[PDB]
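Peer 1:
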Amino acid sequence: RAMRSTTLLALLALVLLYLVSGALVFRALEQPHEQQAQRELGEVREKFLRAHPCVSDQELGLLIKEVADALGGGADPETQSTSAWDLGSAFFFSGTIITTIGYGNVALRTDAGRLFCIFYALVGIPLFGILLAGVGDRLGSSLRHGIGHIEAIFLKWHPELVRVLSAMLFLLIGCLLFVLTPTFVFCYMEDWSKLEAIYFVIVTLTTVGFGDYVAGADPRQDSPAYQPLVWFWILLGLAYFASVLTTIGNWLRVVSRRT
Amino acid sequence: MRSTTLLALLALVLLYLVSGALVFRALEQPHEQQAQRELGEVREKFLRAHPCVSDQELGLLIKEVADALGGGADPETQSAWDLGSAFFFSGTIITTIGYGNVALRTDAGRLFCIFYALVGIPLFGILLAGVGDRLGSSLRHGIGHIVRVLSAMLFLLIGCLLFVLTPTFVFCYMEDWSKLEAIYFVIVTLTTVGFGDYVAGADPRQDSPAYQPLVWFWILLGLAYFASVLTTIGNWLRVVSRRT
Ligand SMILES: [K+]
Ligand SMILES: [K+]
Ligand SMILES: [K+]
Ligand SMILES: [K+]
Ligand SMILES: [K+]
């Protein structure tokens with residue numbers, strides 16, 4: 025009842041190469057209609073100048089929308105009024126699909142992206158499910174093996192005791208690693224509050240993906256490869272969680288089956 | 027897999043949506059009307075001033091409006114976000130669909146939602162099973178009444207006619223969407239991606255407010271079916287191929 029080591033490594037790459045494949049289908053499929061609401065506002069701000077519309081409620085009523093729908097499109101900080114969606118964005122995006130988060134912070138506009146998507150999902154999501162298995166297992170165990178050195182020493186002092196300790200320790204060594212480090216990190220890179228980053232993390236991992244926050248979707252960001260990294264994280268932490276989530280489902284079932 | 031014990035969760039879980047929606051509407055509604063009130067003013071303060079030919083005030087006019095927008099303001103023109118929308122919202126949470134088309138702003142209600150998930154979503158997985166079974170058991174009393195892999199092709203295409211392609215045709219006549227959009231919507235919905243680009247019950251222009259918890263209750267049976275099918279496939283495609 026186990027998956028083979030070098031088996032998943034072939035799978036995983038089979039997936040990256042599926043994702044990288046998806047990012048390409050999208051890259052040169054949505055590149056053109058990319059809104060880029062930052063340069064579209066200037067054409068709306070200045071257009072209000074060369075025309076100097078004045079003393080009208082009707083001409084204002086719509087502005088609010090023209091600034092709302094424009095703002096909503098990830099518009100500039102509206103105080104500047106003075112390039113994005115490449116692979117790191119397209120790849121990351123594709124990933125938010127199979128992972129089923131779907132941040133959708135950047136809507137799809139090209140009808141092909143919708144049809145292709147429909148298929149990229151129905152074919153992507155399932156493919157992922159396995160990756161988690163390969164990871165949750167081949168990885169999840171590695172760490173259980175690591176802690177071995179800890180419990181090997183605890184035994185030199187006294190069994191049934193070390194059992195519970197490793198169980199609680201592992202959750203933490205896993206938590207502190209997939210909750211805390213990431214939450215703390217998202218603050219020092221996206222200038223969010225502690226809460227927001229933990230709020231984010233939680234929505235990321237629960238894969239609710241509200242979309243209100245997304246680790247790498249600011250056109251003003253500088254580090255390009257950073258997005259896929261946070262993705263390589265989502266994978267890891269998403270997989271770990273699943274393992275710990277099922278085990279408890281049993282520990283909670285073995286005690287619930289006697290009803 | 028108790029068929030009368032899960033019926034209780036349909037009341038518990040269903041309450042978890044209402045019993046939870048109450049907080050969201052009581053945590054966000056205040057700052058839902060404030061961004062409106064604070065817009066009304068900023069809107070006419072400028073309008074009634076009838077300024078002219080300037081930029082000094084437009085840089086502000088813009089930033090003045092965004093503030094109101096960030097807190098969730100009206101689109102234009104010059112009512113939204115109550116329990117009805119919260120219920121739906123709360124539900125998009127457990128379904129982990131999270132359309133987010135409508136966001137959380139209250140820094141306080143945000144944390145409330147952080148926990149509502151951890152402990153709220155785990156129950157849904159149970160109901161989709163409790164329902165993924167009753168719909169999985171309905172394969173006999175349904176298909177039996179009318193060689194081997196031949197009776198599988200049918201069940202697959204049974205649900206596509208019931209859950210997949212049924213609502214899509216319905217959504218074009220309810221929200222004017224194209225053929226595709228409905229499909230694209232349903233898939234992103236069912237696969238629970240929840241892109242949020244599109245959404246069934248949130249359009250501002252609706253006149254039937256009763257049919258929404260029905261479109262939502264549909265999501266239940268929807269994912270439940272999609273679960274019932276993955277439940278068999280996931281346990282069949284594995285055993286046959288072990289040594290393969
Ligand atoms: K989602
Ligand atoms: K959005
Ligand atoms: K989502
Ligand atoms: K979303
Ligand atoms: K999801």
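Here the protein sequences come in this chain order: A and B. Residues 25 to 106, 112 to 187, 190 to 290 (PDB author numbering) make up the first sequence, in order. Residues 27 to 104, 112 to 179, 193 to 290 (PDB author numbering) make up the second sequence, in order. Built from N, CA and C at the ideal position, the CB exists for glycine as well.
In whole angstroms, what is the alpha-carbon distance linking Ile229 of chain A and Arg194 of chain B?
Peer 2: Residue numbering aside, residue 229 of chain A sits at position 198 when the first sequence is read from its first letter. Residue numbering aside, residue 194 of chain B sits at position 148 when the second sequence is read from its first letter. Cα to Cα, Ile229 of chain A sits roughly 50 Å from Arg194 of chain B.
Peer 1: Determine the DSSP secondary structure at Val239 of chain A, reduced to helix, strand or coil.
Peer 2: For the purposes of this step, residue 239 of chain A is taken as the residue at position 208 of the first sequence. The answer is coil: DSSP assigns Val239 of chain A none of H, G, I, E or B.
Peer 1: By the three-class DSSP mapping on this structure, what secondary structure does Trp186 of chain A have?
Peer 2: The residue you call residue 186 of chain A lines up with position 157 of the first sequence. Coil, per DSSP.
Peer 1: Which value, in whole angstroms, describes the spacing of the CA atoms of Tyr244 of chain B and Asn281 of chain B?
Peer 2: Along the second sequence, read from residue 1 onward, the residue named residue 244 of chain B stands at position 198. Along the second sequence, read from residue 1 onward, the residue named residue 281 of chain B stands at position 235. One C-alpha to the other measures close to 33 Å.
Peer 1: Answer yes or no: the CB of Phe231 of chain A versus the heavy atoms of ligand 6, is any distance below 7 Å?
Peer 2: Inclusion of ligand 6 in the displayed structure is not the case, the ligand content consisting of ligand 1, ligand 2, ligand 3, ligand 4 and ligand 5 alone.
Peer 1: By the three-class DSSP mapping on this structure, what secondary structure does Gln55 of chain B have?
Peer 2: Here the question's residue 55 of chain B lines up with position 29 in the second sequence. Three-state DSSP puts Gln55 of chain B in coil, outside helix and strand.
Peer 1: Near ligand 1, which residues have their beta-carbon closer than 6 Å to a heavy atom?
Peer 2: Qualifying residues, in the order they occur: A:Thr129, A:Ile130, A:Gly131, A:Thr238, A:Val239, A:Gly240, B:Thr129, B:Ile130, B:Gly131, B:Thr238, B:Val239 and B:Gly240.
Peer 1: For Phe72 of chain A, go through chain B and note every residue whose CB falls closer than 7 Å to its CB, in chain order.
Peer 2: Taking the first sequence and counting its residues from 1, the one referred to as residue 72 of chain A is at position 48. Neighbours of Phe72 of chain A on chain B, chain order: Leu84.
Peer 1: Are the CB atoms of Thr128 of chain B and residue 312 of chain B within a distance shorter than 8 Å?
Peer 2: In the structure as shown, chain B starts at 27 and stops at 290, and residue 312 of chain B therefore has no counterpart that could be examined.
Peer 1: Would the beta-carbon of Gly142 of chain A be found less than 7 Å away from any heavy atom of ligand 4?
Peer 2: Locating residue 142 of chain A in the first sequence gives position 113, where the first residue counts as 1. No, Cβ of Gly142 of chain A sits at least 7 Å from all heavy atoms of ligand 4.
Peer 1: On the CB-based measure, 16 or more other CB atoms within 10 Å of its CB, does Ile130 of chain A come out buried or exposed?
Peer 2: Counting from 1 along the first sequence, the entry for residue 130 of chain A is found at position 101. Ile130 of chain A comes out buried.
Peer 1: Would you give the residue range spanned by the alpha helix (DSSP H) that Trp264 of chain A belongs to?
Peer 2: Taking the first sequence and counting its residues from 1, the one referred to as residue 264 of chain A is at position 233. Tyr257 to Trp282 is the extent of the alpha helix (DSSP H) around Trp264 of chain A.
Peer 1: Who's in the neighbourhood of ligand 4, going by beta-carbon under 5 Å from any heavy atom, listed in chain order?
Peer 2: Qualifying residues come out as A:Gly133, A:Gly242, B:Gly133 and B:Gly242.
Peer 1: Which of helix, strand or coil does DSSP assign to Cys218 of chain B?
Peer 2: Residue mapping note: residue 218 of chain B aligns to position 172 of the second sequence, counting from 1. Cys218 of chain B: helix per DSSP, three-state reduction.
Peer 1: Assuming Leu95 of chain B and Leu95 of chain A make a contact with CB atoms under 8 Å, what is their CB distance in whole Å?
Peer 2: Here the question's residue 95 of chain B lines up with position 69 in the second sequence. Here the question's residue 95 of chain A lines up with position 71 in the first sequence. Confirmed, Cβ separation roughly 6 Å.
Peer 1: So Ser274 of chain A packs on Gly142 of chain A, CB below 8 Å; how close in whole Å?
Peer 2: Counting from one through the first sequence, the residue named residue 274 of chain A turns up at place 243. Counting from one through the first sequence, the residue named residue 142 of chain A turns up at place 113. No, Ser274 of chain A and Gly142 of chain A are not in contact; Cβ-Cβ is about 34 Å, not under 8 Å.
Peer 1: Leaving aside the five residues before and after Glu221 of chain B along the sequence, list all residues of the same chain whose C-beta is less than 8 Å from its C-beta, in chain order.
Peer 2: The sequence position of residue 221 of chain B within the second sequence is 175, counting from 1. Contacts found: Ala246 and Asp249.
Peer 1: Under 8 Å, Cβ to Cβ, is there at least one residue of chain B near residue 18 of chain A?
Peer 2: With chain A represented from 25 up to 290, any question about residue 18 of chain A goes unanswered, as that position is not in the structure.
Peer 1: At the level of alpha carbons, what is the spacing between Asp93 of chain B and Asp100 of chain A?
Peer 2: Here residue 93 of chain B corresponds to residue number 67 of the second sequence, with the count starting at 1. Here residue 100 of chain A corresponds to residue number 76 of the first sequence, with the count starting at 1. If you take the alpha carbons of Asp93 of chain B and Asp100 of chain A, they lie about 13 Å apart.
Peer 1: Once the 5 residues before and after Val164 of chain B are set aside, which same chain residues still bring their CB inside 6 Å of it?
Peer 2: Within the second sequence, numbered from 1, the residue matching residue 164 of chain B stands at position 131. Here the set comprises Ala270.
Peer 1: Which residues, taken in chain order from the segment 248 to 275 of chain A, show a beta carbon closer than 7 Å to some beta carbon of chain B?
Peer 2: Within the segment 248 to 275 of chain A, no residue qualifies.
Peer 1: Would you check if there are 3 or more beta carbon pairs closer than 8 Å linking the segment 63 to 78 of chain A to the segment 170 to 178 of chain A?
Peer 2: Short answer: they don't touch.
Peer 1: Report yes if the CB atom of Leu160 of chain B is closer than 8 Å to the CB atom of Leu32 of chain B, and no otherwise.
Peer 2: Residue mapping note: residue 160 of chain B aligns to position 127 of the second sequence, counting from 1. Residue mapping note: residue 32 of chain B aligns to position 6 of the second sequence, counting from 1. Result yes, Cβ atoms of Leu160 of chain B and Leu32 of chain B sit closer than 8 Å.
Peer 1: Going by the beta-carbon positions, is the gap between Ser105 of chain A and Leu65 of chain A smaller than 8 Å?
Peer 2: Residue numbering aside, residue 105 of chain A sits at position 81 when the first sequence is read from its first letter. Residue numbering aside, residue 65 of chain A sits at position 41 when the first sequence is read from its first letter. Yes, these two residues count as a Cβ contact at 8 Å.
Peer 1: Might you give, ordered along the chain, the residues of its own chain that have their beta carbon closer than 7 Å to the beta carbon of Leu184 of chain A, omitting 5 neighbours on each side?
Peer 2: For this step, residue 184 of chain A is matched to residue 155 along the first sequence. Hits under 7 Å: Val193.
Peer 1: Identify, in the order they occur along the chain, each residue of the same chain with its Cβ nearer than 7 Å to the Cβ of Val261 of chain B, setting aside the five sequence neighbours on each side.
Peer 2: Numbered from its first residue, the second sequence carries residue 261 of chain B at position 215. So the qualifying residues of the chain are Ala246 and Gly247.
Peer 1: Please classify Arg167 of chain A as buried or exposed, where buried requires at least 16 neighbouring CB atoms within 10 angstroms.
Peer 2: The residue labelled residue 167 of chain A in the question sits at position 138 within the first sequence. Counting Cβ neighbours within 10 Å, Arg167 of chain A comes out buried, since at least 16 surround it.
Peer 1: So is residue 109 of chain B buried or exposed if we call it buried at 16+ other beta carbons inside 10 Å?
Peer 2: For residue 109 of chain B, nothing is modelled; it lies in the interval where chain B passes from 104 to 112 with no residues in between.
Peer 1: Tell me whether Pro213 of chain A sits in a helix, a strand or coil according to DSSP, three-state version.
Peer 2: Locating residue 213 of chain A in the first sequence gives position 182, where the first residue counts as 1. Note: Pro213 of chain A maps to helix in three-state DSSP.
Peer 1: Go ahead and label residue 291 of chain B buried or exposed: buried means 16 or more other beta carbons lie within 10 angstroms of its beta carbon, across all protein chains shown.
Peer 2: No information on residue 291 of chain B is available, as it lies outside the stretch 27 to 290 that chain B covers here.
Peer 1: Taking the alpha carbon of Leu43 of chain B as the reference point, which residue from B:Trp114, B:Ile126, B:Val79 and B:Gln55 has its own alpha carbon closest?
Peer 2: To locate residue 43 of chain B, count along the second sequence from 1; it is residue 17. When each option's Cα is compared against that of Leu43 of chain B, the closest is B:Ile126.
Peer 1: Against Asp222 of chain A, what residues of chain B qualify as contacts under a CB-to-CB distance less than 8 Å, listed in chain order?
Peer 2: In the first sequence, counting from the first residue as 1, residue 222 of chain A sits at position 191. Result: empty, since nearest Cβ-Cβ is about 15 Å, beyond 8 Å.
Peer 1: Is the CB-CB distance between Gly240 of chain B and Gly153 of chain B below 8 Å?
Peer 2: Numbered from its first residue, the second sequence carries residue 240 of chain B at position 194. Numbered from its first residue, the second sequence carries residue 153 of chain B at position 120. No, the Cβ-Cβ distance between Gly240 of chain B and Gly153 of chain B is not below 8 Å.
Peer 1: For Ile279 of chain A, I'd like the list of residues in its chain whose CB is within less than 7 Å of its CB, leaving aside the five on either flank, ordered along the chain.
Peer 2: As a first step, residue 279 of chain A must be located in the first sequence, where it is residue number 248. Cβ within range, chain order: n/a, list empty.
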